[PDB]
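From first to last, the protein sequence lines stand for chains B and A. Per PDB author numbering, the very first residue in the first sequence carries number 2; after that it's consecutive. Per PDB author numbering, the very first residue in the second sequence carries number 2; after that it's consecutive.
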Amino acid sequence: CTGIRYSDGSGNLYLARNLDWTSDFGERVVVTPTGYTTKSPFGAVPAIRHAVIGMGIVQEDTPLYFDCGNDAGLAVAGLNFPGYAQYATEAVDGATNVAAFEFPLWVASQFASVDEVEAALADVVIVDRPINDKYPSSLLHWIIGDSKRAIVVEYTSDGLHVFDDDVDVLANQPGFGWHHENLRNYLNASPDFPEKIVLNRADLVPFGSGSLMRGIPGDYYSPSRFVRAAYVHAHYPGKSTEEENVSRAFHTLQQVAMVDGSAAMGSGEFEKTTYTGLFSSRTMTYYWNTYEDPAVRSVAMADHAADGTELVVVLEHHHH
Amino acid sequence: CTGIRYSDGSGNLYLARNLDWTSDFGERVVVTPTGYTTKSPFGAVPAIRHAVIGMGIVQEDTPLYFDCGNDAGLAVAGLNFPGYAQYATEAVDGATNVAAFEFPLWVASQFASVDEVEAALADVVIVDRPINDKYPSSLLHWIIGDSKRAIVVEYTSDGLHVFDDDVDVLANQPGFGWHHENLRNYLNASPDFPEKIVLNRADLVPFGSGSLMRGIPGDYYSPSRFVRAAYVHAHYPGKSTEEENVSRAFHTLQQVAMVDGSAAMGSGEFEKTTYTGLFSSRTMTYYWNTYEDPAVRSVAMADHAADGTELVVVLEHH
Ligand SMILES: *CC(=O)CC[C@@H](C)[C@H]1CC[C@H]2[C@@H]3CC[C@@H]4C[C@H](OS(=O)(=O)O)CC[C@]4(C)[C@H]3CC[C@]12C
Ligand SMILES: *CC(=O)CC[C@@H](C)[C@H]1CC[C@H]2[C@@H]3CC[C@@H]4C[C@H](OS(=O)(=O)O)CC[C@]4(C)[C@H]3CC[C@]12C
Ligand SMILES: [Cl-]
Ligand SMILES: [Mg+2]
Ligand SMILES: [Mg+2]
Ligand SMILES: [Mg+2]
Ligand SMILES: [Mg+2]
Ligand SMILES: [Mg+2]
């Protein structure tokens, strides 16, 4: 999985991710309205302050989000981090104790900006408290973004780490500081076109575009996707329309997507981009496409009872 | 630009390509029917033996195809090759003199298999004879495919050469022999998952998938796209349904596509994948999407009069 955060220069947030896996999870768009009665193990989510829309599943009358955005312009995505993620084994008195499964719900239902959730994270403990035993307990890290900036949250054996994500991307393991340092191994990667190099007495001109992009890796490994996504995302020109910004998400994530046959997991099955999802605060809409159909589908929070009392598992969508 | 050829194991051909450029060409789906009166400068295309569908433009009531397939399951795509392409400046008496602009029309309108066009190519001179003065004269090479195999045609200062394209892909410069030899620089690239390496006394486990794909380049340079496409295309599992094979084309070509900002041309403008097109002989349908809209659209040849007398520039599509 790879996630990205960006804006349009006019205060609107776009946060998008690939869900890469060897099978699909049965996920749907889920709306969590402001009147929903929460089921928060340690009271971190006492009520829904901001309505939430995103992709996930419902278990135990609880929304389990893979990624989601709220009606105040804040969004979050959870990505796999096994080997590094290690949550607290118990809640701590006085802390804001957040069960891992509800961490995205906590971010999006409680806060309206990265400043606010960053301030709240000063007291957070993320607890290994599974929703139930139907899936292996999660081992995740998260990217959180608003129109201004992104942060990355990693909870490991030495506790909570919050990073300034100044490249606005996230992939999988290892930890964020490792990937950020690794960017320093690609300082000669550039989109620029050189007209002529002389090497010794050889006049060398490019075959075409991309001659100084050489070195950006094309493989599916997590550190490689981080570098490749950081390059493509940094260099994509800012856009001012909803349509060009939707197109930016899907093109950028297609550059780090996984297709059949190219990389196996230990099972021997091939990892593939099962869906690509985008939250837009400008239109309070969740957009997505899937491995089987690249056409973009969408769900607008304005079409659903976001002031209602029940989780809405959305069955109808626009533009396909 | 990158092109691919594959089949479904049941005799059906899929040939697809990205059109990468700094601007849109205004291309449309063009059907050339068997009753169309040709405008072939040296008589290479005297009549349309097989109806053709593909993406291109029409000038002087002549279909100028970027890529196309015919009603017998043969298809062809033209990709940029400047610096290397060098056509004949005049027609050669006694040869099959094919104007470069009509080369894809010649392949698709005259022949029913790669065997047939390969035999005909022994006689061919490709001539620099522009359609008109509007565009710079083309400098191209081509991939030609049927359900059995692909060949690459390059016409250079060494003349016409036909290559056995046993990796079923094509990109831009340099020549096909160069790229084919370059494949030998990526022999350790693999999709396999290794459980555990020991380096000296360090136990090394993958972070996740892709640990042995390291080395496959991710940049937009032509040789890099050739290697990356050759890897993805070689390892994509064969599929037996139309839906899965359509999906295979668009996913494979998204792996080598170009998006805004990542690689500039000399002008300083960014090269982008403007459209991705696929010809399917199973359904005699041309499928495509565009930079602005990833939804797949399609035109079926059967919805147009394949034995009519006029070029059809399609507007109504799925
Ligand atoms: C490519 C990747 O990074 C893969 C991530 C993918 C497998 C994850 C991302 C979000 C996860 C779900 C989050 C919500 C719940 C959490 C449950 O944990 S528990 O409470 O400890 O039991 C596990 C199930 C589920 C649905 C996660 C499943 C794995 C994810 C889809
Ligand atoms: C990424 C790439 O490889 C880009 C290739 C792109 C620029 C080419 C591919 C097909 C070309 C057109 C083919 C048909 C005609 C041929 C004319 O040649 S002429 O008769 O010598 O004048 C030039 C115009 C046109 C439409 C070509 C334009 C360039 C291409 C779209
Ligand atoms: Cl093995
Ligand atoms: Mg699915
Ligand atoms: Mg080129
Ligand atoms: Mg266009
Ligand atoms: Mg005549
Ligand atoms: Mg007939």
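Don't be surprised by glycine CBs; every beta carbon is placed ideally from N, CA and C.
Legend entry - Heavy atom of ligand 8 within 6 Å of residue 25 of chain A beta-carbon: No, ligand 8 has no heavy atom inside 6 Å of this Cβ.
Inset, instruction - Would you decide whether residue 90 of chain B is buried or exposed? Buried here means 16 or more other CB atoms lie within 10 Å of its CB. - result: Burial check for residue 90 of chain B: the Cβ neighbour count within 10 Å stays below 16, so the residue is exposed.
Inset, instruction - May I ask you to check if the CB of residue 131 of chain A is nearer than 6 Å to at least one heavy atom of ligand 2? - result: Checking every heavy atom of ligand 2 against the Cβ of residue 131 of chain A, one is found closer than 6 Å.
Inset, instruction - Kindly indicate which residue of A/303, A/307, A/10 and A/85 has the alpha-carbon position closest to the one of residue 174 of chain A. - result: The candidate whose alpha carbon is nearest that of residue 174 of chain A is A/85.
Legend entry - the region 98-113 of chain A touching the region 44-53 of chain A, judged by at least three CB pairs closer than 8 Å: They touch, by the three-pair rule.
Inset, instruction - Determine the chain B residues that contact residue 253 of chain A at a beta-carbon separation under 8 Å, and present them in chain order. - result: For residue 253 of chain A, the C-beta contacts it makes with chain B under 8 Å involve 260, in order along the chain.
Inset, instruction - Report buried or exposed for residue 189 of chain B, applying the criterion of at least 16 other Cβ atoms within 10 angstroms of its Cβ. - result: Per the 10 Å Cβ criterion, exposed.
Inset, instruction - Determine, using beta carbons only, whether residue 66 of chain A and residue 128 of chain A come nearer to each other than 7 Å. - result: Cβ distance not < 7 Å, so residue 66 of chain A and residue 128 of chain A don't count as in contact.
Inset, instruction - Kindly say whether residue 298 of chain A, judged by its beta-carbon, lies nearer than 7 Å to any beta-carbon of chain B. - result: Proximity of residue 298 of chain A to chain B, defined by a Cβ-Cβ separation below 7 Å, is not satisfied.
Legend entry - Nearest neighbour of residue 194 of chain A, chosen from B/5, B/217, B/272 and B/292 [CA to CA]: Taking residue 194 of chain A as reference, the option from B/5, B/217, B/272 and B/292 with the minimal CA-CA separation is B/272.
Inset, instruction - Take residue 294 of chain B as the anchor and find which of A/149, A/245 and A/172 has the nearest alpha-carbon. - result: Closest by alpha carbon: A/245.
Inset, instruction - Would you mind giving the Cβ-Cβ distance between residue 58 of chain A and residue 26 of chain A, rounded to the nearest angstrom? I have them listed as a contact below 8 Å. - result: Taking the Cβ atoms as the reference, residue 58 of chain A lies roughly 7 Å from residue 26 of chain A, within the contact range of under 8 Å.
Legend entry - Rounded separation between residue 315 of chain A and residue 208 of chain B - CA only: Roughly 35 Å separates the two Cα atoms.
Inset, instruction - Report yes if the C-beta distance between residue 281 of chain B and residue 7 of chain B is below 7 Å; otherwise report no. - result: For residue 281 of chain B and residue 7 of chain B, no; Cβs fall outside 7 Å.
Legend entry - chain B residues whose Cβ lies nearer than 7 Å to that of residue 182 of chain A: In chain order: nothing, as chain B lies at least about 15 Å away.
Legend entry - Between the CA atoms of residue 302 of chain B and residue 82 of chain A - distance to the nearest angstrom: If I take the Cα positions, the gap works out to 49 Å.
Legend entry - As assigned by DSSP and simplified to three states, the class of residue 157 of chain A: The three-state reading of DSSP puts residue 157 of chain A in strand, counting E and B together.
Inset, instruction - Drop a sphere of 10 angstroms on the beta-carbon of residue 60 of chain B, count the other beta-carbons inside from all chains shown, and report buried for 16 or more, exposed for fewer. - result: Exposed is the label assigned to residue 60 of chain B, since fewer than 16 other Cβ atoms lie within 10 Å of its Cβ.
Inset, instruction - Confirm the yes/no value for this check: CB of residue 274 of chain A, any heavy atom of ligand 6, distance under 6 Å. - result: Not under cutoff, so the answer is no.
Legend entry - Pick from B/277, B/284 and B/297 that is closest to residue 28 of chain B, judged by C-alpha positions: Cα-wise, what sits closest to residue 28 of chain B is B/277.
Inset, instruction - Classify residue 38 of chain B as helix, strand or coil using the three-state DSSP reduction. - result: Under the three-state reduction of DSSP output, residue 38 of chain B falls in the coil class, being neither helix nor strand.
Legend entry - Where the alpha helix (DSSP H) containing residue 230 of chain A begins and where it ends: 223-236 is the extent of the alpha helix (DSSP H) around residue 230 of chain A.
Legend entry - Ordered list of beta strand (DSSP E) runs contained in the region 117-154 of chain B, each at least 3 residues: Uninterrupted beta strand (DSSP E) stretches at least 3 residues long and entirely within the region 117-154 of chain B occur at 125-128 and 141-146, given in chain order.
Legend entry - residue 168 of chain B, buried or exposed, once every other Cβ within 10 Å from all chains shown has been counted against 16: Residue 168 of chain B comes out buried.
Legend entry - Chain-ordered residues of the region 194-209 of chain B with a beta carbon less than 9 Å from chain A: Of all residues in the region 194-209 of chain B, 194, 196, 206, 207, 208 and 209 have a Cβ within less than 9 Å of some Cβ in chain A.
Legend entry - Span separating the alpha-carbon of residue 120 of chain A from that of residue 240 of chain B: Taking the straight line from one Cα to the other gives about 51 Å.
Legend entry - Nearest neighbour of residue 36 of chain B, chosen from B/309, B/313 and B/321 [CA to CA]: It is B/309 whose Cα lies nearest to the Cα of residue 36 of chain B.
Legend entry - Distance CB(residue 230 of chain B)-CB(residue 170 of chain B) smaller than 7 Å: Cβ distance < 7 Å, so residue 230 of chain B and residue 170 of chain B count as in contact.
Legend entry - Distance between residue 288 of chain A and residue 299 of chain A (C-alpha atoms, nearest Å): Approximately 4 Å, taken between the alpha carbons.
Inset, instruction - Check whether the Cβ of residue 192 of chain A lies closer than 7 Å to any Cβ atom in chain B. - result: Taking 7 Å as the CB threshold, residue 192 of chain A lines the interface with chain B.
Legend entry - Check whether residue 146 of chain B and residue 76 of chain B have beta carbons under 7 Å apart: The Cβ atoms of residue 146 of chain B and residue 76 of chain B lie closer than 7 Å to each other.
Inset, instruction - Kindly list, in the order they appear in chain B, the residues whose Cβ is closer than 8 Å to that of residue 222 of chain A. - result: Per Cβ cutoff of 8 Å: 207, 208, 209, 210, 211, 212, 214 and 215.
Legend entry - Proximal residues of chain A, C-beta to C-beta of residue 264 of chain B below 7 Å: Neighbours of residue 264 of chain B on chain A, chain order: 192, 210, 211 and 214.
Inset, instruction - Can you give me the start and stop residues for the alpha helix (DSSP H) that residue 178 of chain A sits inside? - result: 177-183 is the span of the alpha helix (DSSP H), which, as asked, contains residue 178 of chain A.
Legend entry - Secondary structure of residue 268 of chain B, DSSP reduced to three states: Reduced to three states, the DSSP call for residue 268 of chain B is coil.
Legend entry - Residue-level contact to chain B via CB, residue 229 of chain A, 7 Å cutoff: With 7 Å as the cut-off, residue 229 of chain A counts as an interface residue toward chain B.
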